[PDB]
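Engineer: Following this message is one structure expressed as structure tokens.
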Amino acid sequence: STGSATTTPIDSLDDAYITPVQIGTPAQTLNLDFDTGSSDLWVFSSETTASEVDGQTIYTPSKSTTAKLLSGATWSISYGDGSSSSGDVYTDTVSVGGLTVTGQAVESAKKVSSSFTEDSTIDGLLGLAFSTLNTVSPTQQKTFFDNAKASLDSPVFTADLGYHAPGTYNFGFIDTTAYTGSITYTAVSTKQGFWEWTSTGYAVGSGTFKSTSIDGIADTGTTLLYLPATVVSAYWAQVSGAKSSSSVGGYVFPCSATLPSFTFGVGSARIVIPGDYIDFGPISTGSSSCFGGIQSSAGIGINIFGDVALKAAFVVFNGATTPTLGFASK
Ligand SMILES: Cc1nn(C)c(C)c1CC(=O)Nc1ccccn1
């Protein structure tokens, strides 16, 4: 089997991407944030504290004839940005782009933090990291991809995120029309439960390529590109007036600037992020100070190849017995 679904930016800055997902019988369609940096499929629901729901579409298990309470099971997740959610668990039928999994753990939120409430466009998350990170207790549950994998034509999914435009998540096949040149594959460590890999280096603008190993994760659920402070300083040094602002919480730059590109290495291959992809707009409405899309990972403990990096590429998440990651230009 295969599946194919369109993923759409939630706003004009590409802060995140939502993909429609059919849950239950009859189908309830929710728009979920596909997140290769986590492993829980959780949704706003009829159980979510009412004051914490503000415009989201909810899953109502009582209206699904295929929903079954997973007795005794609870979940609770915190993300790096300080957001969180928790609740109980049902199993139900879940379909993405024509690909159907029966008995999928659907984690129903009883509580969500303010950042989720405030985002009316995101109805939940669909995790696509390794199932070892799944938070369900006392019986850990599998991701949608893990459940689907044996049935897929090939045990892979791909992320093709757009810049200010829709893109595509595919399951079970590689669309050879969706990228240019060849896909370069690189090793993955699953030891931390992430799609963790090592970039071979970077360049800033038309500058020389610096060969240096940068260990990090391919994370569709993180907006920005978080890299070591040395690398980030080298980038912003090429933008006149750019500075790190503690009060804003990162690098900002004059909105009048033209940003240089940023290149990252995948083996001997190179992915070029255009300057425009690194612009996240005014820090507040009407400001002439703009927020940067490349930020230091120094306070995080891991480097993160988030949407800013991934949307510059066609990315293959290869879930073979030994997983690997593939990157192509597009
Ligand atoms: C790890 C991390 N530290 N910091 C400062 C950031 C911003 C992250 C990434 C992160 O939190 N991503 C996320 C958020 C919500 C849902 C899914 N992914």
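Going by the deposited numbering, the residue at position 159 of the sequence shown is 159; the numbering climbs one at a time, nothing skipped. All C-beta atoms, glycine included, are put in the ideal place defined by N, C-alpha and C.
Suppose only complete runs of 4+ residues qualify. What are the alpha helix (DSSP H) ranges in the region 144-195, listed by chain order?
Structural biologist: List check, alpha helix (DSSP H) in window: 144-148.
Engineer: Determine the direct distance from the alpha carbon of residue 167 to that of residue 152, and round the result to whole angstroms.
Structural biologist: Indexing the sequence shown from 1 puts residue 152 at position 152. Indexing the sequence shown from 1 puts residue 167 at position 167. Roughly 21 angstroms separates the two Cα atoms.
Engineer: Let me know the alpha helix (DSSP H) ranges lying completely inside the region 77-151, each 4 residues or longer, listed in chain order.
Structural biologist: 114-117, 144-148, all fully within the region 77-151.
Engineer: In chain order, which continuous runs of the alpha helix (DSSP H) of length 4 or greater are located wholly inside the region 281-324?
Structural biologist: Counting whole runs of 4 or more residues, the region 281-324 contains the alpha helix (DSSP H) stretches 307-310.
Engineer: Hey, would you say residue 278 sits closer than 7 angstroms to residue 293, going by beta carbons?
Structural biologist: Counting from 1 along the sequence shown, the entry for residue 278 is found at position 278. Counting from 1 along the sequence shown, the entry for residue 293 is found at position 293. For residue 278 and residue 293, yes; Cβs fall inside 7 angstroms.
Engineer: Could you spell out the range, first to last residue, of the beta strand (DSSP E) harbouring residue 218?
Structural biologist: As a working note, residue 218 is residue 218 in the sequence shown. First-last of the beta strand (DSSP E) with residue 218: 210-218.
Engineer: If you count every other CB in all the chains shown that lies within 10 Å of the CB of residue 155, and 16 or more means buried, which is it?
Structural biologist: Your numbering for residue 155 matches position 155 in the sequence shown. With 16 or more Cβ atoms within 10 Å of its Cβ, residue 155 is classed as buried.
Engineer: Give me whichever residues DSSP pairs with residue 18 in a beta bridge.
Structural biologist: As a first step, residue 18 must be located in the sequence shown, where it is residue number 18. DSSP output for residue 18 lists 8 as bridge partner(s).
Engineer: Tell me whether the beta-carbon of residue 64 lies closer than 7 angstroms to the beta-carbon of residue 25.
Structural biologist: Along the sequence shown, one-based indexing puts residue 64 at 64. Along the sequence shown, one-based indexing puts residue 25 at 25. In this structure, residue 25 lies closer than 7 angstroms to residue 64 by Cβ.
Engineer: Relative to ligand 1, is the shortest distance from any of its heavy atoms to the C-beta of residue 40 smaller than 6 angstroms?
Structural biologist: On the sequence shown, position 40 is the one that residue 40 refers to. Checking every heavy atom of ligand 1 against the Cβ of residue 40, none is found closer than 6 angstroms.
Engineer: Taking buried to mean at least 16 other C-beta atoms within 10 Å of its own C-beta, is residue 16 buried or exposed?
Structural biologist: Translated into positions along the sequence shown, residue 16 becomes position 16. Classification of residue 16: buried, given that the 10 Å Cβ count is 16 or more.
Engineer: Below 8 angstroms on the Cβ atoms is my contact criterion, and I expect residue 193 with residue 132 to pass it. Report the Cβ-Cβ distance as a whole number of Å.
Structural biologist: Residue numbering aside, residue 193 sits at position 193 when the sequence shown is read from its first letter. Residue numbering aside, residue 132 sits at position 132 when the sequence shown is read from its first letter. Rounded, the Cβ-Cβ distance is 5 angstroms, consistent with contact.
Engineer: By how many angstroms is the C-alpha of residue 202 removed from the C-alpha of residue 164?
Structural biologist: Taking the first residue of the sequence shown as position 1, residue 164 is located at position 164. Taking the first residue of the sequence shown as position 1, residue 202 is located at position 202. Distance between the alpha carbons of residue 164 and residue 202 is about 24 angstroms.
Engineer: If contacts are defined as beta-carbon pairs under 8 angstroms, then residue 86 and residue 110 qualify, I think. What distance do you get, rounded to the angstrom?
Structural biologist: Position 86 of the sequence shown, counting from 1, holds the residue named residue 86. Position 110 of the sequence shown, counting from 1, holds the residue named residue 110. Sure, about 6 angstroms apart at Cβ, within 8 angstroms.
Engineer: Taking the alpha carbon of residue 42 as the point to measure from, which residue in 266, 50, 94, 98 has its own alpha carbon closest?
Structural biologist: As a first step, residue 42 is located in the sequence shown; it is residue number 42 there, counting from the start. Checking every option, the nearest Cα to that of residue 42 belongs to 94.
Engineer: Touch check for the region 48-68 and the region 111-128: three-plus C-beta pairs under 8 angstroms?
Structural biologist: Enough Cβ pairs lie closer than 8 angstroms, so yes.
Engineer: Here's the rule: buried if 16 or more other CB atoms are within 10 angstroms of the residue's CB, otherwise exposed. What is residue 212?
Structural biologist: Numbered from its first residue, the sequence shown carries residue 212 at position 212. Per the 10 Å Cβ criterion, exposed.
Engineer: Is residue 117 near ligand 1, judged by its Cβ being under 6 angstroms from some heavy atom?
Structural biologist: In the sequence shown, residue 117 corresponds to position 117, counting from 1. No, Cβ of residue 117 sits at least 6 angstroms from all heavy atoms of ligand 1.
Engineer: Hey, how far is the Cα of residue 234 from the Cα of residue 176?
Structural biologist: To locate residue 234, count along the sequence shown from 1; it is residue 234. To locate residue 176, count along the sequence shown from 1; it is residue 176. Roughly 35 angstroms separates the two Cα atoms.
Engineer: Checking the sheet assignment: what are the DSSP bridge partners for residue 383?
Structural biologist: As shown, the chain starts at 1 and ends at 330. That puts residue 383 outside it, with no answer to give.
Engineer: Using a Cβ-Cβ cutoff of less than 7 angstroms, which residues in the same chain neighbour residue 310 once the five nearest sequence positions on both sides are dropped?
Structural biologist: Here residue 310 refers to the residue found at position 310 of the sequence shown. These residues qualify, in order along the chain: 159, 161, 218, 220.
Engineer: Can you tell which of 200, 179, 102, 96 has the C-alpha that lies nearest to the C-alpha of residue 170?
Structural biologist: Looking up residue 170 in the sequence shown gives position 170. Looking at the Cα atoms, 96 is the closest of the given residues.
Engineer: Quick one: what does DSSP say residue 53 is sitting in, helix, strand or coil?
Structural biologist: By one-based count along the sequence shown, residue 53 stands at place 53. In this structure, residue 53 counts as coil in the three-state DSSP scheme.
Engineer: At the level of alpha carbons, what is the spacing between residue 140 and residue 306?
Structural biologist: Position 140 of the sequence shown, counted from the first residue, corresponds to residue 140. Position 306 of the sequence shown, counted from the first residue, corresponds to residue 306. Between residue 140 and residue 306, the C-alpha separation is close to 26 angstroms.
Engineer: What would DSSP say about residue 248, mapped onto helix, strand or coil?
Structural biologist: Along the sequence shown, one-based indexing puts residue 248 at 248. In the structure shown, residue 248 sits in coil (DSSP, three-state: anything other than H, G, I, E or B).
Engineer: By DSSP's criteria, residue 327 is part of a beta bridge. Which residues make up the other side?
Structural biologist: For the purposes of this step, residue 327 is taken as the residue at position 327 of the sequence shown. Bridge partners of residue 327: 184, 315.
Engineer: I'd like the list of long-range same chain contacts for residue 135, defined as Cβ closer than 7 angstroms, with 5 residues on each side in sequence excluded.
Structural biologist: Translated into positions along the sequence shown, residue 135 becomes position 135. Excluding residues within five positions, the ones whose Cβ falls inside 7 angstroms are 40, 75, 76, 77.
Engineer: Per DSSP, residue 278 is paired with what?
Structural biologist: Reading the sequence shown from its first residue, position 278 is the one you call residue 278. For residue 278, which the question treats as bridged, DSSP gives no partner whatsoever.
Engineer: Nearest to residue 290 by alpha carbon, out of 270, 256, 314, 322?
Structural biologist: In the sequence shown, counting from the first residue as 1, residue 290 sits at position 290. Residue 290 has its Cα closest to that of 256, out of 270, 256, 314, 322.
Engineer: So which of 308, 285, 296, 295 has the shortest CA-CA distance to residue 273?
Structural biologist: On the sequence shown, position 273 is the one that residue 273 refers to. Selected option, being the one with the closest Cα: 308.
Engineer: Just confirm the distance between the C-beta atoms of residue 199 and residue 264, as a whole number of angstroms; I'd bet it's less than 8 angstroms.
Structural biologist: Numbered from 1 along the sequence shown, position 199 holds the residue referred to as residue 199. Numbered from 1 along the sequence shown, position 264 holds the residue referred to as residue 264. About 5 angstroms separates the two Cβ atoms, so the contact holds.
Engineer: Am I right that residue 184 and residue 312 are in contact with their C-beta atoms under 8 angstroms? What's the rounded C-beta distance?
Structural biologist: By 1-based counting over the sequence shown, the position of residue 184 is 184. By 1-based counting over the sequence shown, the position of residue 312 is 312. Between residue 312 and residue 184 the Cβ distance is about 14 angstroms, and since that is not below 8 angstroms, they are no contact.
Engineer: For residue 60, does the three-state DSSP call read helix, strand or coil?
Structural biologist: Numbered from 1 along the sequence shown, position 60 holds the residue referred to as residue 60. Residue 60: coil per DSSP, three-state reduction.
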